[PDB]
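work.cif follows; it contains mmCIF, N, CA and C atoms.
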```cif
data_target
#
loop_
_atom_site.label_atom_id
_atom_site.label_comp_id
_atom_site.auth_asym_id
_atom_site.auth_seq_id
_atom_site.Cartn_x
_atom_site.Cartn_y
_atom_site.Cartn_z
N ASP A 2 -18.82 -97.94 -39.97
CA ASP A 2 -19.70 -98.58 -40.99
C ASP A 2 -19.76 -97.70 -42.23
N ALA A 3 -19.57 -98.31 -43.40
CA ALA A 3 -19.60 -97.59 -44.68
C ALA A 3 -20.83 -96.71 -44.82
N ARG A 4 -21.93 -97.10 -44.18
CA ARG A 4 -23.16 -96.34 -44.24
C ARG A 4 -23.06 -95.01 -43.51
N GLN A 5 -22.31 -94.99 -42.41
CA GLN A 5 -22.15 -93.77 -41.63
C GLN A 5 -21.37 -92.70 -42.38
N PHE A 6 -21.78 -91.45 -42.22
CA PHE A 6 -21.11 -90.35 -42.90
C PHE A 6 -21.30 -89.02 -42.17
N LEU A 7 -20.61 -88.00 -42.65
CA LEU A 7 -20.71 -86.67 -42.08
C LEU A 7 -21.35 -85.75 -43.10
N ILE A 8 -22.25 -84.89 -42.63
CA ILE A 8 -22.95 -83.95 -43.49
C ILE A 8 -22.14 -82.64 -43.49
N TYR A 9 -21.60 -82.32 -44.66
CA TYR A 9 -20.70 -81.19 -44.86
C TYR A 9 -21.21 -80.03 -45.70
N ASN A 10 -20.98 -78.80 -45.23
CA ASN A 10 -21.36 -77.64 -46.02
C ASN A 10 -20.05 -77.01 -46.49
N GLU A 11 -19.84 -77.02 -47.80
CA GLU A 11 -18.62 -76.49 -48.38
C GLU A 11 -18.34 -75.03 -48.04
N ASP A 12 -19.34 -74.16 -48.21
CA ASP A 12 -19.13 -72.75 -47.93
C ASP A 12 -18.59 -72.45 -46.53
N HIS A 13 -19.20 -73.04 -45.50
CA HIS A 13 -18.75 -72.82 -44.13
C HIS A 13 -17.61 -73.74 -43.71
N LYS A 14 -17.40 -74.81 -44.46
CA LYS A 14 -16.37 -75.79 -44.12
C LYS A 14 -16.70 -76.33 -42.72
N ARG A 15 -17.96 -76.66 -42.50
CA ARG A 15 -18.41 -77.21 -41.22
C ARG A 15 -19.32 -78.40 -41.44
N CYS A 16 -19.46 -79.24 -40.41
CA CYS A 16 -20.29 -80.44 -40.47
C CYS A 16 -21.41 -80.38 -39.44
N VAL A 17 -22.51 -81.06 -39.74
CA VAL A 17 -23.67 -81.11 -38.86
C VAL A 17 -23.26 -81.80 -37.57
N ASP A 18 -23.69 -81.25 -36.44
CA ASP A 18 -23.32 -81.81 -35.15
C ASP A 18 -24.54 -81.95 -34.26
N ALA A 19 -24.86 -83.19 -33.87
CA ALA A 19 -26.01 -83.46 -33.02
C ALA A 19 -25.62 -83.28 -31.55
N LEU A 20 -26.25 -82.33 -30.88
CA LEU A 20 -25.95 -82.07 -29.48
C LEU A 20 -26.91 -82.77 -28.52
N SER A 21 -28.17 -82.87 -28.93
CA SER A 21 -29.19 -83.53 -28.12
C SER A 21 -30.42 -83.68 -28.99
N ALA A 22 -31.44 -84.34 -28.47
CA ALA A 22 -32.67 -84.55 -29.23
C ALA A 22 -33.31 -83.23 -29.65
N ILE A 23 -33.00 -82.15 -28.95
CA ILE A 23 -33.57 -80.84 -29.28
C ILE A 23 -32.52 -79.84 -29.75
N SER A 24 -31.36 -80.34 -30.13
CA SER A 24 -30.30 -79.45 -30.59
C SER A 24 -29.37 -80.08 -31.62
N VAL A 25 -29.45 -79.60 -32.86
CA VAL A 25 -28.57 -80.09 -33.92
C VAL A 25 -27.95 -78.84 -34.55
N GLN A 26 -26.65 -78.68 -34.33
CA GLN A 26 -25.94 -77.51 -34.83
C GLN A 26 -24.84 -77.92 -35.80
N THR A 27 -23.72 -77.18 -35.79
CA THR A 27 -22.59 -77.49 -36.67
C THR A 27 -21.29 -77.40 -35.88
N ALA A 28 -20.21 -77.93 -36.45
CA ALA A 28 -18.91 -77.90 -35.78
C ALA A 28 -17.81 -78.19 -36.77
N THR A 29 -16.57 -77.98 -36.35
CA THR A 29 -15.45 -78.28 -37.22
C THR A 29 -15.58 -79.77 -37.47
N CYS A 30 -15.42 -80.19 -38.71
CA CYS A 30 -15.56 -81.60 -39.04
C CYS A 30 -14.54 -82.52 -38.37
N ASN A 31 -15.04 -83.64 -37.84
CA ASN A 31 -14.21 -84.64 -37.18
C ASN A 31 -14.85 -86.00 -37.41
N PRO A 32 -14.28 -86.83 -38.30
CA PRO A 32 -14.83 -88.16 -38.59
C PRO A 32 -14.84 -89.10 -37.39
N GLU A 33 -14.16 -88.70 -36.32
CA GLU A 33 -14.09 -89.51 -35.10
C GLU A 33 -15.18 -89.19 -34.08
N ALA A 34 -15.89 -88.09 -34.30
CA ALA A 34 -16.95 -87.69 -33.38
C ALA A 34 -18.29 -88.35 -33.69
N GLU A 35 -18.74 -89.22 -32.78
CA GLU A 35 -20.01 -89.92 -32.95
C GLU A 35 -21.15 -88.95 -33.20
N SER A 36 -21.14 -87.83 -32.48
CA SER A 36 -22.19 -86.83 -32.61
C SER A 36 -22.28 -86.24 -34.02
N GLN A 37 -21.25 -86.46 -34.83
CA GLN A 37 -21.22 -85.95 -36.20
C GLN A 37 -21.56 -87.03 -37.22
N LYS A 38 -21.74 -88.26 -36.75
CA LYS A 38 -22.06 -89.36 -37.65
C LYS A 38 -23.55 -89.56 -37.86
N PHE A 39 -23.94 -89.74 -39.12
CA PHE A 39 -25.34 -89.97 -39.47
C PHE A 39 -25.40 -91.11 -40.49
N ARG A 40 -26.59 -91.67 -40.68
CA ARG A 40 -26.74 -92.76 -41.64
C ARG A 40 -28.19 -92.89 -42.09
N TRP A 41 -28.37 -93.20 -43.37
CA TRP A 41 -29.70 -93.37 -43.91
C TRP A 41 -30.23 -94.68 -43.34
N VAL A 42 -31.49 -94.70 -42.93
CA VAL A 42 -32.07 -95.92 -42.39
C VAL A 42 -33.26 -96.33 -43.23
N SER A 43 -33.49 -95.59 -44.31
CA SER A 43 -34.58 -95.86 -45.24
C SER A 43 -34.39 -94.95 -46.45
N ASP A 44 -35.31 -95.02 -47.40
CA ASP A 44 -35.23 -94.20 -48.60
C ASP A 44 -35.36 -92.71 -48.31
N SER A 45 -35.90 -92.36 -47.14
CA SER A 45 -36.10 -90.95 -46.83
C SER A 45 -35.67 -90.43 -45.46
N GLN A 46 -35.17 -91.31 -44.59
CA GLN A 46 -34.78 -90.86 -43.26
C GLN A 46 -33.29 -90.99 -42.94
N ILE A 47 -32.77 -90.01 -42.21
CA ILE A 47 -31.37 -90.02 -41.80
C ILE A 47 -31.36 -90.07 -40.28
N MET A 48 -30.58 -91.00 -39.74
CA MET A 48 -30.53 -91.17 -38.30
C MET A 48 -29.20 -90.73 -37.70
N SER A 49 -29.27 -90.04 -36.55
CA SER A 49 -28.07 -89.60 -35.85
C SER A 49 -27.50 -90.85 -35.19
N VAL A 50 -26.24 -91.16 -35.48
CA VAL A 50 -25.60 -92.35 -34.91
C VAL A 50 -25.46 -92.30 -33.39
N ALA A 51 -25.08 -91.14 -32.88
CA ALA A 51 -24.91 -90.97 -31.45
C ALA A 51 -26.21 -91.13 -30.66
N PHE A 52 -27.29 -90.54 -31.16
CA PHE A 52 -28.57 -90.58 -30.46
C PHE A 52 -29.59 -91.61 -30.89
N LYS A 53 -29.35 -92.28 -32.01
CA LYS A 53 -30.29 -93.29 -32.50
C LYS A 53 -31.66 -92.64 -32.73
N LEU A 54 -31.65 -91.41 -33.23
CA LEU A 54 -32.88 -90.69 -33.51
C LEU A 54 -32.79 -90.15 -34.93
N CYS A 55 -33.93 -89.82 -35.51
CA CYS A 55 -33.97 -89.33 -36.88
C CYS A 55 -34.12 -87.82 -36.99
N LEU A 56 -33.44 -87.24 -37.97
CA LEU A 56 -33.50 -85.81 -38.22
C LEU A 56 -34.91 -85.46 -38.68
N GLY A 57 -35.49 -84.44 -38.06
CA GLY A 57 -36.84 -84.05 -38.44
C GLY A 57 -37.20 -82.64 -38.00
N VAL A 58 -38.42 -82.23 -38.31
CA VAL A 58 -38.90 -80.91 -37.95
C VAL A 58 -40.30 -80.97 -37.33
N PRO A 59 -40.70 -79.92 -36.59
CA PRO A 59 -42.01 -79.83 -35.94
C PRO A 59 -43.14 -79.66 -36.95
N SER A 60 -42.84 -78.99 -38.06
CA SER A 60 -43.81 -78.77 -39.12
C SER A 60 -43.04 -78.35 -40.36
N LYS A 61 -43.66 -78.48 -41.53
CA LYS A 61 -43.00 -78.09 -42.76
C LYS A 61 -43.21 -76.59 -42.91
N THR A 62 -42.50 -75.84 -42.06
CA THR A 62 -42.59 -74.39 -42.01
C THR A 62 -41.22 -73.71 -42.12
N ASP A 63 -41.17 -72.59 -42.84
CA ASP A 63 -39.95 -71.81 -43.01
C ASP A 63 -39.37 -71.47 -41.63
N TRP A 64 -38.08 -71.73 -41.45
CA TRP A 64 -37.38 -71.46 -40.20
C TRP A 64 -37.75 -72.41 -39.07
N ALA A 65 -38.30 -73.56 -39.41
CA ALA A 65 -38.64 -74.56 -38.40
C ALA A 65 -37.29 -75.18 -38.05
N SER A 66 -37.07 -75.49 -36.78
CA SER A 66 -35.80 -76.06 -36.38
C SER A 66 -35.72 -77.54 -36.75
N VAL A 67 -34.54 -77.96 -37.16
CA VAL A 67 -34.32 -79.36 -37.52
C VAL A 67 -33.59 -80.00 -36.36
N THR A 68 -34.28 -80.89 -35.65
CA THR A 68 -33.68 -81.58 -34.52
C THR A 68 -33.89 -83.09 -34.64
N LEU A 69 -33.92 -83.80 -33.52
CA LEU A 69 -34.07 -85.26 -33.54
C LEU A 69 -35.38 -85.80 -32.97
N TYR A 70 -35.97 -86.77 -33.66
CA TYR A 70 -37.22 -87.39 -33.23
C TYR A 70 -37.11 -88.90 -33.32
N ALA A 71 -37.95 -89.60 -32.57
CA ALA A 71 -37.93 -91.06 -32.61
C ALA A 71 -38.22 -91.44 -34.06
N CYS A 72 -37.37 -92.27 -34.64
CA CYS A 72 -37.57 -92.66 -36.02
C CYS A 72 -38.94 -93.32 -36.20
N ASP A 73 -39.69 -92.83 -37.19
CA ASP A 73 -41.03 -93.30 -37.48
C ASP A 73 -41.24 -93.22 -38.99
N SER A 74 -41.25 -94.37 -39.66
CA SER A 74 -41.42 -94.44 -41.11
C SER A 74 -42.74 -93.87 -41.62
N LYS A 75 -43.70 -93.65 -40.73
CA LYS A 75 -44.99 -93.12 -41.14
C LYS A 75 -45.03 -91.59 -41.10
N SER A 76 -44.07 -90.98 -40.41
CA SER A 76 -44.01 -89.53 -40.28
C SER A 76 -43.41 -88.81 -41.49
N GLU A 77 -44.07 -87.73 -41.91
CA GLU A 77 -43.60 -86.95 -43.05
C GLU A 77 -42.69 -85.79 -42.64
N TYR A 78 -42.65 -85.51 -41.34
CA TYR A 78 -41.82 -84.42 -40.84
C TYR A 78 -40.37 -84.85 -40.65
N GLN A 79 -40.07 -86.09 -41.00
CA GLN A 79 -38.70 -86.58 -40.90
C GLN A 79 -38.28 -87.29 -42.19
N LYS A 80 -38.92 -86.91 -43.30
CA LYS A 80 -38.60 -87.48 -44.60
C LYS A 80 -37.83 -86.44 -45.42
N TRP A 81 -36.70 -86.84 -45.98
CA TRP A 81 -35.85 -85.95 -46.77
C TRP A 81 -35.60 -86.46 -48.18
N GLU A 82 -35.11 -85.57 -49.04
CA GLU A 82 -34.79 -85.93 -50.42
C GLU A 82 -33.72 -84.99 -50.95
N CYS A 83 -33.01 -85.44 -51.98
CA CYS A 83 -31.97 -84.64 -52.60
C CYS A 83 -32.53 -83.88 -53.80
N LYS A 84 -32.22 -82.59 -53.87
CA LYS A 84 -32.66 -81.75 -54.98
C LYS A 84 -31.55 -81.80 -56.02
N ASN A 85 -31.25 -80.65 -56.63
CA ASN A 85 -30.20 -80.58 -57.63
C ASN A 85 -28.94 -79.96 -57.05
N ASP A 86 -27.79 -80.32 -57.61
CA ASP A 86 -26.52 -79.78 -57.16
C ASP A 86 -26.32 -79.80 -55.64
N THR A 87 -26.58 -80.96 -55.03
CA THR A 87 -26.42 -81.16 -53.60
C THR A 87 -27.39 -80.39 -52.70
N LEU A 88 -28.44 -79.84 -53.30
CA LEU A 88 -29.46 -79.11 -52.55
C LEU A 88 -30.21 -80.17 -51.75
N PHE A 89 -30.43 -79.91 -50.47
CA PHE A 89 -31.09 -80.89 -49.61
C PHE A 89 -32.26 -80.30 -48.82
N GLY A 90 -33.37 -81.02 -48.77
CA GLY A 90 -34.52 -80.52 -48.03
C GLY A 90 -35.61 -81.54 -47.74
N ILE A 91 -36.70 -81.05 -47.17
CA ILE A 91 -37.84 -81.90 -46.81
C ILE A 91 -38.53 -82.44 -48.06
N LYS A 92 -38.79 -83.74 -48.05
CA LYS A 92 -39.44 -84.40 -49.17
C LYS A 92 -40.78 -83.75 -49.50
N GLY A 93 -41.02 -83.51 -50.79
CA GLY A 93 -42.28 -82.92 -51.22
C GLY A 93 -42.50 -81.43 -51.02
N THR A 94 -41.53 -80.73 -50.43
CA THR A 94 -41.67 -79.30 -50.19
C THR A 94 -40.45 -78.54 -50.67
N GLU A 95 -40.59 -77.23 -50.85
CA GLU A 95 -39.47 -76.41 -51.28
C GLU A 95 -38.78 -75.73 -50.11
N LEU A 96 -38.59 -76.48 -49.02
CA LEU A 96 -37.91 -75.98 -47.83
C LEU A 96 -36.63 -76.81 -47.68
N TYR A 97 -35.51 -76.13 -47.48
CA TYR A 97 -34.22 -76.81 -47.39
C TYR A 97 -33.47 -76.83 -46.05
N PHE A 98 -32.64 -77.87 -45.91
CA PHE A 98 -31.77 -78.09 -44.76
C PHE A 98 -30.82 -76.90 -44.90
N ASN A 99 -30.80 -76.02 -43.90
CA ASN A 99 -30.01 -74.80 -44.01
C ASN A 99 -29.26 -74.38 -42.75
N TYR A 100 -28.13 -73.71 -42.97
CA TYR A 100 -27.30 -73.20 -41.88
C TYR A 100 -26.51 -71.96 -42.30
N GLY A 101 -26.38 -71.00 -41.39
CA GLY A 101 -25.60 -69.81 -41.71
C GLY A 101 -26.30 -68.47 -41.61
N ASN A 102 -27.63 -68.48 -41.56
CA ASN A 102 -28.41 -67.25 -41.48
C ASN A 102 -28.70 -66.81 -40.04
N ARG A 103 -28.86 -65.50 -39.85
CA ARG A 103 -29.19 -64.89 -38.56
C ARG A 103 -28.47 -65.38 -37.30
N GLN A 104 -27.18 -65.68 -37.40
CA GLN A 104 -26.45 -66.14 -36.23
C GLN A 104 -27.17 -67.29 -35.50
N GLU A 105 -27.99 -68.04 -36.23
CA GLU A 105 -28.72 -69.18 -35.67
C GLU A 105 -27.84 -70.43 -35.69
N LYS A 106 -27.53 -70.95 -34.52
CA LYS A 106 -26.68 -72.13 -34.40
C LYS A 106 -27.33 -73.44 -34.85
N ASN A 107 -28.63 -73.59 -34.60
CA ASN A 107 -29.31 -74.82 -34.99
C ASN A 107 -29.64 -74.86 -36.47
N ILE A 108 -29.66 -76.06 -37.03
CA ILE A 108 -30.00 -76.26 -38.44
C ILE A 108 -31.45 -75.81 -38.60
N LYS A 109 -31.74 -75.11 -39.69
CA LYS A 109 -33.10 -74.63 -39.93
C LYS A 109 -33.60 -75.00 -41.32
N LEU A 110 -34.92 -75.00 -41.47
CA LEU A 110 -35.52 -75.22 -42.78
C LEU A 110 -35.54 -73.80 -43.33
N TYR A 111 -35.16 -73.62 -44.59
CA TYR A 111 -35.13 -72.29 -45.17
C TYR A 111 -35.61 -72.35 -46.61
N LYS A 112 -36.24 -71.27 -47.08
CA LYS A 112 -36.74 -71.21 -48.44
C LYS A 112 -35.62 -70.87 -49.42
N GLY A 113 -34.55 -70.27 -48.92
CA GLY A 113 -33.42 -69.94 -49.78
C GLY A 113 -32.70 -71.19 -50.24
N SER A 114 -32.34 -71.23 -51.52
CA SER A 114 -31.66 -72.39 -52.09
C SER A 114 -30.21 -72.10 -52.49
N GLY A 115 -29.56 -71.20 -51.76
CA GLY A 115 -28.18 -70.88 -52.06
C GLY A 115 -27.19 -71.89 -51.51
N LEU A 116 -25.93 -71.46 -51.38
CA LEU A 116 -24.85 -72.31 -50.89
C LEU A 116 -25.04 -72.82 -49.46
N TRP A 117 -25.93 -72.19 -48.70
CA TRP A 117 -26.14 -72.60 -47.32
C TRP A 117 -27.17 -73.72 -47.15
N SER A 118 -27.80 -74.10 -48.25
CA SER A 118 -28.81 -75.16 -48.26
C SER A 118 -28.28 -76.35 -49.04
N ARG A 119 -26.99 -76.31 -49.36
CA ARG A 119 -26.36 -77.37 -50.12
C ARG A 119 -25.38 -78.13 -49.25
N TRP A 120 -25.46 -79.45 -49.31
CA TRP A 120 -24.60 -80.28 -48.49
C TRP A 120 -24.06 -81.51 -49.20
N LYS A 121 -22.86 -81.91 -48.81
CA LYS A 121 -22.22 -83.07 -49.39
C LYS A 121 -21.83 -84.07 -48.32
N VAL A 122 -21.55 -85.29 -48.74
CA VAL A 122 -21.06 -86.32 -47.83
C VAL A 122 -19.61 -85.91 -47.61
N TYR A 123 -19.20 -85.77 -46.36
CA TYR A 123 -17.83 -85.34 -46.05
C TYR A 123 -16.82 -86.25 -46.72
N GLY A 124 -15.79 -85.65 -47.31
CA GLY A 124 -14.77 -86.43 -47.99
C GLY A 124 -15.07 -86.70 -49.45
N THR A 125 -16.18 -86.16 -49.95
CA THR A 125 -16.55 -86.35 -51.35
C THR A 125 -17.22 -85.09 -51.87
N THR A 126 -17.64 -85.14 -53.14
CA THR A 126 -18.33 -84.02 -53.75
C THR A 126 -19.70 -84.51 -54.24
N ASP A 127 -20.22 -85.53 -53.56
CA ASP A 127 -21.52 -86.08 -53.90
C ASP A 127 -22.57 -85.60 -52.92
N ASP A 128 -23.84 -85.63 -53.32
CA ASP A 128 -24.90 -85.21 -52.42
C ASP A 128 -25.08 -86.28 -51.34
N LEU A 129 -25.93 -86.01 -50.36
CA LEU A 129 -26.15 -86.94 -49.27
C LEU A 129 -26.73 -88.29 -49.69
N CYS A 130 -27.59 -88.28 -50.70
CA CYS A 130 -28.22 -89.50 -51.17
C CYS A 130 -27.24 -90.51 -51.78
N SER A 131 -25.98 -90.09 -51.93
CA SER A 131 -24.95 -90.97 -52.47
C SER A 131 -24.57 -92.02 -51.42
N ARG A 132 -24.94 -91.77 -50.16
CA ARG A 132 -24.64 -92.69 -49.07
C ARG A 132 -25.91 -93.37 -48.59
N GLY A 133 -27.00 -93.12 -49.29
CA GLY A 133 -28.24 -93.74 -48.88
C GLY A 133 -28.72 -94.77 -49.86
N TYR A 134 -30.03 -94.89 -49.93
CA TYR A 134 -30.71 -95.80 -50.82
C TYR A 134 -31.45 -94.96 -51.86
N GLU A 135 -31.91 -95.59 -52.94
CA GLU A 135 -32.62 -94.91 -54.02
C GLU A 135 -31.72 -93.94 -54.79
#
```
As structure tokens, the full file:
Amino acid sequence: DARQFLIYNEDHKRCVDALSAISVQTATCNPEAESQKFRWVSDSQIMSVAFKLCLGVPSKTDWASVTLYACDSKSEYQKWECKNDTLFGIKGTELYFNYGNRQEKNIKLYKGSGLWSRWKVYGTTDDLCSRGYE
């Protein structure tokens, strides 16, 4: 489906990989891997295709793990937005979708806004919102 896409980090040359509802890490990009497919299901939520769950966090806290939760349009812990230059993070806060620090395999919310908090739709140079709505 045109809506489905892969979340890519240029610096690491890796894509987001959903392992389970409590584990979202990264892996060598493969457009054929369901676990690597995601899709916007609203103006602010991204759903894992393999698990039918939405990317979210336990709280809007630095280093909070980003895993999967039952999609809920009323929840703010699973709402995302695009910043500038492909910077991606939690809607309304200065915490970003991040990977690469402290040998941590799972995606984390981080205050740093460098190359590790920037992501593109795999196969393009556009931010994630280019495959969503709004």
- Task: Name the residues in contact with residue A:26 at a cut-off of 5 Å, using all atoms listed in the file, excluding same-chain residues fewer than 3 positions from it; report them as a list in words.
- Result: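 So, after excluding close chain neighbours, the residues are residues 17, 18, 19, 106, 107 and 108 of chain A.
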Explicit residues for the PyMOL selection byres ((chain A and resi 65) around 6.5) (as a PDB file with N, CA and C atoms, in the frame of the given file):
```pdb
ATOM      1  N   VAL A  58     -38.420 -82.230 -38.310  1.00  0.00           N
ATOM      2  CA  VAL A  58     -38.900 -80.910 -37.950  1.00  0.00           C
ATOM      3  C   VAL A  58     -40.300 -80.970 -37.330  1.00  0.00           C
ATOM      4  N   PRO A  59     -40.700 -79.920 -36.590  1.00  0.00           N
ATOM      5  CA  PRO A  59     -42.010 -79.830 -35.940  1.00  0.00           C
ATOM      6  C   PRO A  59     -43.140 -79.660 -36.950  1.00  0.00           C
ATOM      7  N   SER A  60     -42.840 -78.990 -38.060  1.00  0.00           N
ATOM      8  CA  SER A  60     -43.810 -78.770 -39.120  1.00  0.00           C
ATOM      9  C   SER A  60     -43.040 -78.350 -40.360  1.00  0.00           C
ATOM     10  N   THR A  62     -42.500 -75.840 -42.060  1.00  0.00           N
ATOM     11  CA  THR A  62     -42.590 -74.390 -42.010  1.00  0.00           C
ATOM     12  C   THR A  62     -41.220 -73.710 -42.120  1.00  0.00           C
ATOM     13  N   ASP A  63     -41.170 -72.590 -42.840  1.00  0.00           N
ATOM     14  CA  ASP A  63     -39.950 -71.810 -43.010  1.00  0.00           C
ATOM     15  C   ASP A  63     -39.370 -71.470 -41.630  1.00  0.00           C
ATOM     16  N   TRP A  64     -38.080 -71.730 -41.450  1.00  0.00           N
ATOM     17  CA  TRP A  64     -37.380 -71.460 -40.200  1.00  0.00           C
ATOM     18  C   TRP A  64     -37.750 -72.410 -39.070  1.00  0.00           C
ATOM     19  N   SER A  66     -37.070 -75.490 -36.780  1.00  0.00           N
ATOM     20  CA  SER A  66     -35.800 -76.060 -36.380  1.00  0.00           C
ATOM     21  C   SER A  66     -35.720 -77.540 -36.750  1.00  0.00           C
ATOM     22  N   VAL A  67     -34.540 -77.960 -37.160  1.00  0.00           N
ATOM     23  CA  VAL A  67     -34.320 -79.360 -37.520  1.00  0.00           C
ATOM     24  C   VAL A  67     -33.590 -80.000 -36.360  1.00  0.00           C
ATOM     25  N   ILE A 108     -29.660 -76.060 -37.030  1.00  0.00           N
ATOM     26  CA  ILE A 108     -30.000 -76.260 -38.440  1.00  0.00           C
ATOM     27  C   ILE A 108     -31.450 -75.810 -38.600  1.00  0.00           C
ATOM     28  N   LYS A 109     -31.740 -75.110 -39.690  1.00  0.00           N
ATOM     29  CA  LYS A 109     -33.100 -74.630 -39.930  1.00  0.00           C
ATOM     30  C   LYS A 109     -33.600 -75.000 -41.320  1.00  0.00           C
ATOM     31  N   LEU A 110     -34.920 -75.000 -41.470  1.00  0.00           N
ATOM     32  CA  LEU A 110     -35.520 -75.220 -42.780  1.00  0.00           C
ATOM     33  C   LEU A 110     -35.540 -73.800 -43.330  1.00  0.00           C
ATOM     34  N   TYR A 111     -35.160 -73.620 -44.590  1.00  0.00           N
ATOM     35  CA  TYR A 111     -35.130 -72.290 -45.170  1.00  0.00           C
ATOM     36  C   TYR A 111     -35.610 -72.350 -46.610  1.00  0.00           C
TER      37      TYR A 111
END
```
- Evaluating the PyMOL selection byres (((chain A and resi 72 and name CA) around 7) and name CA) on the displayed file yields which residues, as a ChimeraX atom specification? /A:54-55,70-71,73-74
- Task: Would you translate the PyMOL selection byres ((chain A and resi 51) around 8) into the concrete set of residues it matches in this file, as a PyMOL selection string?
- Result: chain A and resi 19+34-40+48-50+52-54
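Going from atom CA of residue A:125 to atom CA of residue A:112 covers 25.4 Å.
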- Have a look at A:42, A:96, A:116, A:7 and name the one nearest to residue A:29; count only C-alpha atoms. A:7
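Distances here use all atoms listed in the file; by that measure, the residue among A:103, A:61, A:75, A:121 closest to residue A:87 is A:121.
Going from atom CA of residue A:11 over to atom CA of residue A:120, you cover 7.1 Å.
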- Min atom-atom distance to residue A:45 from the set A:16, A:8, A:80, A:131, counting only N, CA and C atoms, belongs to A:80
- Query: Near residue A:128, within 8 Å and counting all atoms listed in the file, which residues show up once chain neighbours fewer than 5 positions away are dropped, as JSON, numbers by chain?
  - Reply: {"A": [83, 84, 86, 87, 88, 89, 119, 120, 121, 122, 123, 133]}
Enclose all atoms of stretch 114-127 of chain A listed in the file in an axis-aligned box, grow every side by 4 Å, and hand back centre and edge lengths in Å to one decimal, as AutoDock Vina command-line options.
```
--center_x -23.6 --center_y -78.8 --center_z -50.1 --size_x 25.6 --size_y 23.8 --size_z 16.2
```
Step by step: locate stretch 27-39 of chain A in the block above, keep N, CA, C and O atoms, then write the file as a short mmCIF file (atom, residue, chain, number, x, y, z; two decimals), in the first residue's frame.
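Written out: result.cif:
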```
data_model
loop_
_atom_site.label_atom_id
_atom_site.label_comp_id
_atom_site.auth_asym_id
_atom_site.auth_seq_id
_atom_site.Cartn_x
_atom_site.Cartn_y
_atom_site.Cartn_z
N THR A 27 16.14 -1.28 15.45
CA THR A 27 16.51 -0.94 14.08
C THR A 27 17.12 -2.16 13.39
O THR A 27 17.48 -3.14 14.04
N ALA A 28 17.24 -2.10 12.06
CA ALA A 28 17.81 -3.22 11.31
C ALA A 28 18.19 -2.75 9.93
O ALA A 28 17.86 -1.63 9.52
N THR A 29 18.92 -3.60 9.20
CA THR A 29 19.30 -3.26 7.84
C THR A 29 17.96 -3.12 7.13
O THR A 29 17.07 -3.96 7.31
N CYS A 30 17.80 -2.07 6.34
CA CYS A 30 16.55 -1.84 5.64
C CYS A 30 16.16 -2.93 4.65
O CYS A 30 16.98 -3.40 3.86
N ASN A 31 14.89 -3.33 4.70
CA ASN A 31 14.34 -4.35 3.81
C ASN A 31 12.86 -4.02 3.58
O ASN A 31 12.03 -4.23 4.46
N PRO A 32 12.52 -3.49 2.39
CA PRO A 32 11.13 -3.13 2.08
C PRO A 32 10.17 -4.31 2.09
O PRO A 32 8.96 -4.13 2.05
N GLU A 33 10.72 -5.53 2.14
CA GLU A 33 9.91 -6.75 2.16
C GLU A 33 9.55 -7.23 3.56
O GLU A 33 8.71 -8.12 3.72
N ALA A 34 10.19 -6.65 4.57
CA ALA A 34 9.94 -7.06 5.95
C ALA A 34 8.76 -6.32 6.58
O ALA A 34 8.82 -5.11 6.81
N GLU A 35 7.69 -7.06 6.86
CA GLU A 35 6.48 -6.48 7.46
C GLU A 35 6.82 -5.72 8.74
O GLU A 35 6.27 -4.65 9.00
N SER A 36 7.72 -6.29 9.53
CA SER A 36 8.10 -5.67 10.80
C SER A 36 8.74 -4.29 10.62
O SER A 36 8.86 -3.54 11.58
N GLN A 37 9.13 -3.97 9.39
CA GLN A 37 9.74 -2.67 9.09
C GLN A 37 8.75 -1.70 8.46
O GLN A 37 9.07 -0.54 8.22
N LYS A 38 7.54 -2.17 8.19
CA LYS A 38 6.53 -1.32 7.57
C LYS A 38 5.67 -0.57 8.57
O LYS A 38 5.19 -1.14 9.55
N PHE A 39 5.47 0.72 8.31
CA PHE A 39 4.64 1.56 9.18
C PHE A 39 3.74 2.41 8.29
O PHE A 39 3.96 2.53 7.09
#
```
